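Here you get one chain, nothing else, as C-alpha cells; it is the form deposited in one PDB entry.
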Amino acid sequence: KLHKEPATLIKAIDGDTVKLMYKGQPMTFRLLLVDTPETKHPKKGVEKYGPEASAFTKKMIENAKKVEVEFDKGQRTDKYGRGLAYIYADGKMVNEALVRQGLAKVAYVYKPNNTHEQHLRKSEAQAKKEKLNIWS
C-alpha cells in the first residue's frame, strides 16, 4: 500500500522534474512513468510542447494548497539522485494530469515501479482519442 507524504514546492525545473522540500531536505524529483517534451533536453534543446508541459506542471503545483509525494514499491531514487514519485496537487496526480492533457506520453515502464501504469495508459488513450496537443 503506497502512502502519500507531504512536501513543499521549491522550484519547478521542467515538465517532468520538480525541486521539493521533503522531510526537511531540498530534493529533485522526477515524475514517475511520464515523458514530457523537454525544455532542458540534453541533446535536442527546446522541443514542441516543452514550454507548455513545463508551464502546466509549474502552475498546477504552484497553485496547490497541498502537495504530496507518493513513492512506488521499488527504488525511490534514480542514478542521478532524483526521487522517483507520483506527485499530487490538492489530491490530483500531476503525472496523470499531464498525460490526460496530451502533454506527456507514458514512459517505458520498469517494474516494480509501475503501480499506476494502467491508469496512466488509459488516460493517454483518451488524450490520443481526443487528439490533444502532442497527439494533434
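In this text, residue numbers run from 1 along the sequence as written.
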Which has the higher mean CA temperature factor in the PDB entry, 43-51 or 85-93? 43-51
For the C-alpha atoms alone, is the average B factor greater in 60-68 or in 106-114, going by the entry? 106-114
In terms of the chain's CA B-factor thirds, is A125 lowest, middle or highest? highest
Mind checking which third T36 falls in for C-alpha B-factor across the chain? highest
